[PDB]
Structures are given as C-alpha cells and as structure tokens.
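Asker: Please see the structure below; I have some questions.
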Amino acid sequence: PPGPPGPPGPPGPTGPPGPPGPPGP
Amino acid sequence: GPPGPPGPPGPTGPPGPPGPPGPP
Amino acid sequence: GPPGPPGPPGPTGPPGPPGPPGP
C-alpha cells in the first residue's frame with residue numbers, strides 16, 4: 001500500500017510592503 | 001508499496017516589510 | 001511504501017506594518 005504523506009511544504013513567500021505611514025507633524 | 005501522497009502546504013510566510021514614510 | 005514528497009509552498013505572508021510618519 002502507499003507510503004505515508006510527505007512532510008509539509010516550505011513556508012510561503014514573504015508578504016508585500018505595508019502602507020505608507022501617516023503625515024509628518 | 002508506491003509513494004505516499006505529497007504532503008500538505010507549508011506555513012504562511014512571514015509578514016512583509018514596513019511601508020515607506022508618510023507625507024511631509 | 002516510501003513517503004510522498006514534500007507539500008507545496010504555503011501561502012504568502014500578510015502585508016507589513018505601516019511606515020513611520022513622514023517629516
């Protein structure tokens with residue numbers, strides 16, 4: 001019969017940049 | 001026997017980097 | 001039966017945090 005599932009895949013891609021910050025004081 | 005199935009997807013990747021500075 | 005291969009990549013991470021406030 002089939003062997004067991006493989007292990008987990010790698011961590012996915014890093015997310016995209018954050019939004020720009022707020023207006024300077 | 002034949003191979004097992006592929007495994008599950010991995011974990012969610014790290015968060016992205018900080019955005020740029022805001023307006024002046 | 002030998003193990004299956006590794007899983008596919010996981011999902012893309014969330015957006016980062018906001019930038020700092022400008023000048």
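Residue names in the structure tokens use chain letters A, B, ... in the order shown, residue numbers from 1 in each chain, and ligand numbers from 1 in the order shown.
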Got a sec: who's within 6 Å of region 6-18 of chain C, counting only C-alpha atoms, leaving out chain neighbours fewer than 6 positions off, as a short mmCIF file (atom, residue, chain, number, x, y, z; two decimals) with N, CA and C atoms, in the first residue's frame?

Answerer:
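selection.cif, written as the output of this step:
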```
data_model
loop_
_atom_site.label_atom_id
_atom_site.label_comp_id
_atom_site.auth_asym_id
_atom_site.auth_seq_id
_atom_site.Cartn_x
_atom_site.Cartn_y
_atom_site.Cartn_z
N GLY A 6 4.01 12.81 2.38
CA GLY A 6 5.20 13.59 2.55
C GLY A 6 5.09 14.57 3.73
N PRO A 7 6.19 15.18 4.00
CA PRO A 7 6.26 16.25 5.01
C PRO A 7 5.65 17.54 4.44
N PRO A 8 5.37 18.49 5.33
CA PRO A 8 4.94 19.83 4.98
C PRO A 8 5.88 20.48 3.96
N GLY A 9 5.25 21.25 3.10
CA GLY A 9 5.96 22.10 2.17
C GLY A 9 6.67 23.26 2.87
N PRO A 10 7.46 23.98 2.12
CA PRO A 10 8.17 25.11 2.73
C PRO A 10 7.24 26.25 3.08
N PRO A 11 7.68 27.17 3.95
CA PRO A 11 7.00 28.43 4.23
C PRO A 11 6.80 29.21 2.92
N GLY A 12 5.62 29.82 2.79
CA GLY A 12 5.38 30.62 1.58
C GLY A 12 6.17 31.89 1.57
N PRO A 13 5.91 32.66 0.48
CA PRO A 13 6.62 33.91 0.20
C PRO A 13 6.46 34.92 1.34
N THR A 14 7.41 35.74 1.65
CA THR A 14 7.22 36.94 2.47
C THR A 14 6.10 37.80 1.91
N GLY A 15 5.23 38.39 2.71
CA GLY A 15 4.23 39.33 2.31
C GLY A 15 4.77 40.57 1.63
N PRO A 16 3.82 41.34 1.13
CA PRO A 16 4.16 42.60 0.48
C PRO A 16 4.36 43.75 1.47
N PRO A 17 4.95 44.89 1.04
CA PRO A 17 5.14 46.02 1.96
C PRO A 17 3.81 46.53 2.51
N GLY A 18 4.04 47.15 3.64
CA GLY A 18 2.99 47.84 4.36
C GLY A 18 2.60 49.15 3.71
N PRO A 19 1.54 49.78 4.20
CA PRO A 19 1.17 51.08 3.61
C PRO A 19 2.13 52.18 4.05
N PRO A 20 2.09 53.28 3.34
CA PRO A 20 2.90 54.38 3.86
C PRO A 20 2.38 54.86 5.21
N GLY A 21 3.29 55.48 5.96
CA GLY A 21 2.97 55.93 7.32
C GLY A 21 2.10 57.17 7.29
N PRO B 6 1.74 13.60 -1.84
CA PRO B 6 2.56 14.74 -1.38
C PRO B 6 1.99 15.26 -0.04
N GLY B 7 2.86 15.93 0.71
CA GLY B 7 2.41 16.47 1.98
C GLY B 7 1.60 17.73 1.84
N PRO B 8 1.15 18.29 2.96
CA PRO B 8 0.33 19.49 2.95
C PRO B 8 1.14 20.74 2.61
N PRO B 9 0.48 21.80 2.19
CA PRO B 9 1.27 23.03 2.08
C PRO B 9 1.94 23.42 3.37
N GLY B 10 3.04 24.20 3.28
CA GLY B 10 3.64 24.80 4.41
C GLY B 10 2.85 25.92 5.06
N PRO B 11 3.54 26.38 6.10
CA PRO B 11 3.06 27.54 6.78
C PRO B 11 3.11 28.82 5.95
N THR B 12 2.19 29.71 6.33
CA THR B 12 2.10 31.07 5.81
C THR B 12 3.42 31.81 6.01
N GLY B 13 3.78 32.52 4.94
CA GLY B 13 5.08 33.17 5.04
C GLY B 13 5.12 34.29 6.01
N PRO B 14 6.28 34.87 6.26
CA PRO B 14 6.47 35.98 7.23
C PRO B 14 5.74 37.23 6.71
N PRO B 15 5.50 38.17 7.59
CA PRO B 15 4.83 39.39 7.11
C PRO B 15 5.79 40.19 6.25
N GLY B 16 5.18 41.11 5.47
CA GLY B 16 6.08 41.90 4.65
C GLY B 16 6.83 42.94 5.45
N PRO B 17 7.68 43.70 4.79
CA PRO B 17 8.41 44.82 5.42
C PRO B 17 7.52 46.02 5.64
N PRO B 18 7.96 46.97 6.47
CA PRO B 18 7.24 48.19 6.73
C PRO B 18 7.15 49.02 5.44
N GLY B 19 6.05 49.71 5.26
CA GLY B 19 5.88 50.72 4.22
C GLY B 19 6.88 51.87 4.42
#
```

Asker: Could you state the separation of CA of residue 2 (chain B) and CA of residue 4 (chain A) in Å, given to one decimal place?

Answerer: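 Going from CA of residue 2 (chain B) over to CA of residue 4 (chain A) covers 9.9 Å.
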
Asker: Residues near residue 2 (chain C), anyone? I mean within 9 Å using only C-alpha atoms, not counting same-chain ones fewer than 2 positions away, as a ChimeraX atom specification.

Answerer: /A:2-6 /B:1-4 /C:4

Asker: Would you save the residues of that selection, restricted to N, CA and C atoms, as a CSV table (one decimal), in the first residue's frame?

Answerer:
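See result.csv below for the written result:
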```
chain,number,residue,atom,x,y,z
A,2,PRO,N,0.3,2.4,-0.3
A,2,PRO,CA,1.0,3.7,-0.5
A,2,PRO,C,1.8,4.0,0.8
A,3,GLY,N,3.0,4.7,0.6
A,3,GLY,CA,3.6,5.1,1.9
A,3,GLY,C,2.9,6.3,2.5
A,4,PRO,N,3.3,6.9,3.6
A,4,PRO,CA,2.5,8.0,4.2
A,4,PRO,C,2.8,9.2,3.5
A,5,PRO,N,1.9,10.2,3.7
A,5,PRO,CA,2.1,11.6,3.1
A,5,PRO,C,3.6,12.0,3.3
A,6,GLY,N,4.0,12.8,2.4
A,6,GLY,CA,5.2,13.6,2.6
A,6,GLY,C,5.1,14.6,3.7
B,1,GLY,N,5.5,-0.7,-1.4
B,1,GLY,CA,4.3,-0.1,-2.0
B,1,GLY,C,4.8,1.1,-2.8
B,2,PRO,N,3.9,1.8,-3.5
B,2,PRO,CA,4.3,3.1,-4.2
B,2,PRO,C,4.3,4.2,-3.2
B,3,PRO,N,4.8,5.3,-3.6
B,3,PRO,CA,4.9,6.5,-2.8
B,3,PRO,C,3.6,6.9,-2.2
B,4,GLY,N,3.7,7.6,-1.1
B,4,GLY,CA,2.7,8.3,-0.4
B,4,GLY,C,2.3,9.5,-1.2
C,4,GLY,N,5.6,10.1,0.4
C,4,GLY,CA,5.4,11.1,-0.6
C,4,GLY,C,6.4,12.3,-0.5
```
